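Just below is one structure, and these are the notes that go with it.
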Amino acid sequence: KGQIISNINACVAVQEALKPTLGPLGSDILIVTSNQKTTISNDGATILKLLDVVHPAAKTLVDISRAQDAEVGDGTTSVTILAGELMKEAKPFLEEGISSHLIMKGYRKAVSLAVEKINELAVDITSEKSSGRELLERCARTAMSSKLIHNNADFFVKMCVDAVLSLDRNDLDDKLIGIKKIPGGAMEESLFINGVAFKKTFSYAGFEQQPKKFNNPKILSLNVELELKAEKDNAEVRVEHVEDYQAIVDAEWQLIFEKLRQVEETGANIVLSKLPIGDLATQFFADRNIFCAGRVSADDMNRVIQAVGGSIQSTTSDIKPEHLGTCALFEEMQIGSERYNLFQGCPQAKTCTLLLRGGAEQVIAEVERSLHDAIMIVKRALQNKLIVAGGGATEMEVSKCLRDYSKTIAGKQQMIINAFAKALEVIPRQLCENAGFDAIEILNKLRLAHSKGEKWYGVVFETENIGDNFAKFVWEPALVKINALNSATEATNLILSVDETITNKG
Amino acid sequence: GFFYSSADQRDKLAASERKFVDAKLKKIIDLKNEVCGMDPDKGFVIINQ
Amino acid sequence: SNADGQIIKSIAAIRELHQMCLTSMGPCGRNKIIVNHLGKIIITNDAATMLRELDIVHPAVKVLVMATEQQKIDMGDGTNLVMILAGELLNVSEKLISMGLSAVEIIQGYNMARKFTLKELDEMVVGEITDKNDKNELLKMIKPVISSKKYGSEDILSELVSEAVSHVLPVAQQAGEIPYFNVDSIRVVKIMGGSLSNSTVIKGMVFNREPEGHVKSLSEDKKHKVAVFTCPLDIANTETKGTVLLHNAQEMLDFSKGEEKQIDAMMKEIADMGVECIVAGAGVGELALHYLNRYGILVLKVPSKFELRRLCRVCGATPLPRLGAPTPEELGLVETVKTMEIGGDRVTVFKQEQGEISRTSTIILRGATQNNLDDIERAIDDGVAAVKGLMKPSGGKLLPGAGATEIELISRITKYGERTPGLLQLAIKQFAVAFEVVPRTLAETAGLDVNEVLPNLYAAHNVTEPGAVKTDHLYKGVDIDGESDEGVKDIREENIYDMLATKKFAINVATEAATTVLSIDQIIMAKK
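Protein chains in written order, with the deposited numbering: chain H, 23 to 528; chain Z, 250 to 298; chain Q, 22 to 549.
Listed below in structure tokens is the structure:
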């Protein structure tokens with residue numbers, strides 16, 4: 023029993039780090055990786071992946087978070103807090119003589135009865151008392167409330183809804199929507215872009231040309247380097263002739279002219295590559311209205327293939343003519359003392375880009391992540407039509423029903439299910455403490471109307487008070503609440519079933 | 250050495266060296282049928298270290 | 022020296038490790054986490070695997086480890102049972118050592134009680150397995166072997182193993198000389214993602230590698246020609262010498278252009294004979310993948326040489342050490358080759374339908390947790406290993422398990438104690454007490470009280486019947502409870518029993534394991 027108690031404090035230590043990160047208003051944790059890179063995020067997945075804890079039970083809470091992020095992607099913070107809470111409730115039961123096996127058995131019967139109550143609370147509604155456009159707009163204002171963008175949130179919702187509608191509703195992913203930070207400028211002046219945009223890290227010469235107005239530029243991928251410059255290798259050539267000293271400087275310009283001539287016959291007006299483009303080619307492209315941008319990241323080049331349907335070819339010989347693509351309109355903005363490149367009007371584009379503007383780079387970073395929480399609500403609305411009331415609504419009723427069902431159950435399983443129902447109170451607790459509200463007063467006041475027969479009473483995140491989240495427009499999908507109880511119970515059953523921890527050094 | 254333009258020509262040259270072993274195997278199998286070949290409860294076992 | 026209790030120190034060192042194996046057997050038991058030297062957490066129920074990963078310099082522990090390998094290799098069950106029986110014999114022997122009894126009568130007492138126990142095992146068998154190999158009939162023997170691991174999943178996993186065993190065993194009658202089942206012919210695959218209900222039984226070896234080429238799968242025509250090439254794909258060279266070197270730049274043009282004509286010529290001669298599949302155990306060049314796309318030949322690579330030997334008995338292909346000789350006698354035939362999504366990724370499946378019956382089967386498994394897939398994969402190998410014990414040497418006989426037999430044998434052992442005169446009376450009585458540890462651990466791991474299950478088992482198997490023929494039910498075992506109201510229930514209702522070949526063979530191993538420890542009164546080692 024000594025190692026079992028040691029595993030209890032190991033789960034609380036990991037849980038304590040994720041407590042302030044629960045909720046949109048929750049605090050952020052600072053973790054210093056061995057790479058000496060500063061990483062700050064409130065998402066429990068990335069937090070647990072950077073810890074790399076050697077403890078076996080603490081690693082189990084990290085491994086179960088990856089399964090929550092894979093099959094679902096939402097609730098990685100709450101699944102670990104709920105799983106680790108059972109370790110504290112089962113701590114006094116071990117000293118009293120109650121074995122953890124009957125405790126793990128009571129969880130299987132409690133979750134089985136809880137999943138049935140989730141489907142009863144989930145009501146499918148689409149066109150009833152709601153329109154097509156106003157359905158997704160009201161969901162974006164939920165995550166944007168109680169934020170610095172609340173004044174400008176009117177203009178931000180229009181750009182968020184258009185990002186989801188620009189893609190097929192059958193397949194949606196958060197990684198398909200690109201976001202680029204623009205330092206400086208007003209926040210309300212941000213616009214939405216249908217195509218793909220990159221950072222444009224190219225600082226070299228060749229400005230004042232390639233205007234922002236294009237008609238139908240041709241896009242062609244690039245693999246090797248088009249410039250004749252050789253950075254790495256070299257050779258030694260020396261002659262003893264006096265008059266030959268002139269001609270021995272004059273040669274190499276002809277070497278790549280053979281392969282460069284085939285590029286002109288193609289007529290591609292867009293040149294992009296994962297390698298920096300030499301400054302030699304930055305002139306003649308302006309005569310042919312050809313655009314070129316160097317020092318482009320590798321991740322942004324994958325979106326170009328999915329946009330116009332291009333292809334990456336090694337050389338300039340076998341490039342096929344049908345690999346080219348074109349957009350409807352081009353735009354380039356100099357706001358922020360930096361030129362920004364973006365494509366517009368691509369009907370075949372499988373991705374989009376949303377630009378954000380602000381007063382500082384750290385301010386935009388909080389606005390970008392606050393939008394990601396709203397995107398998941400808008401994305402899962404069209405994917406899954408079964409939603410449940412969140413923000414304390416569903417969490418409190420699951421603990422209420424287990425209190426009545428435990429009265430008919432006899433034996434040790436009565437206090438075990440009641441302990442699991444009491445363990446469900448940590449979720450609304452941390453949400454109130456991280457938002458500034460007192461968790462002691464709300465816990466007593468919320469249980470008042472909670473016994474009146476209505477199961478939809480939530481917790482207001484703006485002004486401290488008890489009420490219904492239906493007016494607050496707080497919606498959560500049913501797949502998250504169901505998989506959270508199964509992932510937390512399975513991870514807890516593995517820790518309590520191991521009495522002895524053995525670690526061999528090698 | 251083995252000089253072949255195609256893989257089919259290699260089997261003709263490789264079988265030339267294999268005929269030396271197959272020629273001795275023809276004399277071994279004849280000893281089994283020479284003495285009590287068709288007689289029941291008879292066998293022939295090769296040691297071949 | 023013996024004055025310091027050296028024989029007790031050898032028992033106390035094992036007694037501290039005895040509680041580890043007491044929680045192994047049974048579905049309600051506990052498992053131990055063992056960190057491998059490679060930096061990976063490995064956990065399993067089977068003790069024979071954990072003892073191999075744990076480094077223990079104690080030779081007294083190695084006696085039970087070597088005895089455990091006898092249960093793991095020769096049998097498919099009893100690895101956790103031999104550790105409990107042999108560990109208890111050392112604890113009950115402390116009462117005889119304290120009284121001043123020599124180790125001779127202790128060893129001789131177990132030898133006399135061993136022949137008395139093995140003789141009574143023939144009368145403990147009521148029903149006999151007919152070896153029908155039916156899907157419903159195999160569920161009786163396989164269920165208790167798959168049990169005591171991942172409790173609650175034994176219902177779904179029972180149909181997966183029972184269906185794979187019927188596919189391996191060929192159809193034959195009245196012939197017991199030639200063996201049929203093979204242990205290594207069943208390979209289990211695991212892929213993260215999915216659920217348990219999506220599992221199925223497929224005849225073949227599932228390949229999780231990418232197709233590597235533009236051809237995902239062949240047609241639906243039966244008897245696809247498959248060629249297995251051991252030598253990697255490269256330009257045709259000479260067996261004698263034939264080393265390519267670089268001297269002058271003029272030879273560089275012949276090296277690049279030479280590999281294009283030679284490889285294309287070798288693939289043309291193979292495609293003319295109708296071979297639609299080429300299996301290369303080694304790496305495949307880049308130029309070889311371009312020619313196979315136009316000829317419509319599926320690309321398949323098998324980097325593991327252990328699967329090449331078992332592949333010859335499935336499709337019928339033979340490995341060729343050379344290259345460019347498509348011998349028709351070395352070519353195999355497979356009816357169906359397709360590509361399906363297993364676990365979320367596109368993989369090429371290898372299976373068949375009717376013709377060319379093969380003994381190789383694969384059970385596809387899916388799940389979210391990676392650690393849970395390791396125990397289920399190892400449970401199938403331990404589940405199919407019991408099929409070998411179903412043969413003529415007492416494969417049909419059975420005895421009730423789950424604590425039913427261990428309690429019933431107590432009444433028979435104590436009866437022979439007063440019948441045999443001499444000093445053996447003390448060893449016979451202690452021989453039956455050592456069997457009480459099995460039902461006690463089942464009650465502790467299930468949360469039941471020690472004072473509850475034990476007196477209920479004795480009162481169930483001991484009754485007063487005015488007659489010679491026994492009545493009521495002798496099948497009462499140790500019930501997990503946690504349901505219904507009170508008491509126990511017949512173990513035969515759930516079709517859970519211990520095979521006699523597993524129990525009878527474990528008695529000889531358990532007695533010889535504790536005999537070596539008790540026979541060694543002194544040990545000498547060096548500091549390490």
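Where a beta carbon is used, it is the ideal one built from N, C-alpha and C, also for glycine.
Below-7 angstroms beta-carbon distance, residue i vs any chain Z residue
{"i": "Q/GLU260", "result": "yes"}
{"i": "Q/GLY345", "result": "yes"}
Limits of the alpha helix (DSSP H) - the one that residue i falls within
{"i": "Q/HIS39", "result": "27 to 43"}
{"i": "Q/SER216", "result": "Note, Q/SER216: premise wrong, no alpha helix (DSSP H); not H, not E."}
{"i": "H/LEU470", "result": "461 to 471"}
{"i": "Z/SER254", "result": "Taken as a continuous stretch (DSSP letters only), Z/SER254 belongs to no alpha helix (DSSP H), as it is neither H nor E."}
{"i": "Q/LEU411", "result": "Unbroken run through Q/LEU411: none, as it is neither H nor E."}
{"i": "H/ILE140", "result": "122 to 143"}
{"i": "Q/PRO476", "result": "471 to 482"}
{"i": "H/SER28", "result": "24 to 40"}
{"i": "H/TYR427", "result": "415 to 430"}
{"i": "residue 20 of chain H", "result": "The question about residue 20 of chain H has no answer here: the residues shown for chain H are numbered 23 through 528."}
Residue range of the beta strand (DSSP E) that includes residue i
{"i": "Q/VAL368", "result": "366 to 372"}
{"i": "H/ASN363", "result": "362 to 366"}
{"i": "Q/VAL247", "result": "245 to 250"}
{"i": "H/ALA411", "result": "409 to 411"}
{"i": "H/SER295", "result": "292 to 295"}
{"i": "H/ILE488", "result": "488 to 490"}
{"i": "H/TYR479", "result": "479 to 481"}
{"i": "Q/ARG387", "result": "382 to 388"}
{"i": "H/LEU52", "result": "51 to 54"}
{"i": "Q/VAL56", "result": "54 to 56"}
Assumed close pair residue i, residue j - CB separation to whole angstroms, cut-off 8 angstroms
{"i": "Q/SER379", "j": "Q/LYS224", "result": "7 angstroms"}
{"i": "Q/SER432", "j": "Q/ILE207", "result": "Going by Cβ atoms, the distance from Q/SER432 to Q/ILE207 rounds to 41 angstroms, so no, they are not a contact pair."}
{"i": "Q/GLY304", "j": "Q/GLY424", "result": "Not a contact, Cβ separation roughly 56 angstroms."}
{"i": "Q/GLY353", "j": "Q/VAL247", "result": "5 angstroms"}
{"i": "H/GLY480", "j": "H/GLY413", "result": "4 angstroms"}
{"i": "Q/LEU329", "j": "Q/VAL249", "result": "7 angstroms"}
{"i": "Q/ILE105", "j": "Q/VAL471", "result": "Actually they do not touch by this definition, with Cβ atoms about 16 angstroms apart."}
{"i": "H/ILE215", "j": "H/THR68", "result": "That pair is no contact at about 27 angstroms."}
Chain Q contact for residue i (CB, 7 angstroms cutoff)
{"i": "H/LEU393", "result": "no"}
{"i": "H/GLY66", "result": "no"}
{"i": "H/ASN406", "result": "no"}
{"i": "Z/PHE269", "result": "no"}
{"i": "Z/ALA264", "result": "no"}
Residue environment, residue i, which counts as buried when at least 16 other CB atoms sit within 10 Å
{"i": "H/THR60", "result": "exposed"}
{"i": "residue 582 of chain Q", "result": "Any property of residue 582 of chain Q remains undetermined from this structure, which presents chain Q solely from 22 to 549."}
{"i": "Q/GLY317", "result": "exposed"}
{"i": "Q/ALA547", "result": "exposed"}
{"i": "H/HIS123", "result": "buried"}
{"i": "Q/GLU427", "result": "buried"}
In DSSP terms, what residue i is bridged to
{"i": "H/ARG379", "result": "H/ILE204"}
{"i": "Q/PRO340", "result": "Q/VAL249"}
{"i": "Q/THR357", "result": "Q/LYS372"}
{"i": "Q/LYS497", "result": "Q/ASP511"}
{"i": "Q/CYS298", "result": "Q/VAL247, Q/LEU319"}
{"i": "Q/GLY422", "result": "According to DSSP, which records beta bridges pairwise, Q/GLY422 is partnered with nothing at all."}
Residue-level contact to chain H via CB, residue i, 7 angstroms cutoff
{"i": "Q/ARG51", "result": "yes"}
{"i": "residue 563 of chain Q", "result": "As displayed, chain Q neither begins before 22 nor continues past 549, which places residue 563 of chain Q out of reach and without an answer."}
{"i": "Q/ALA270", "result": "no"}
{"i": "Q/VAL113", "result": "no"}
{"i": "Q/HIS494", "result": "no"}
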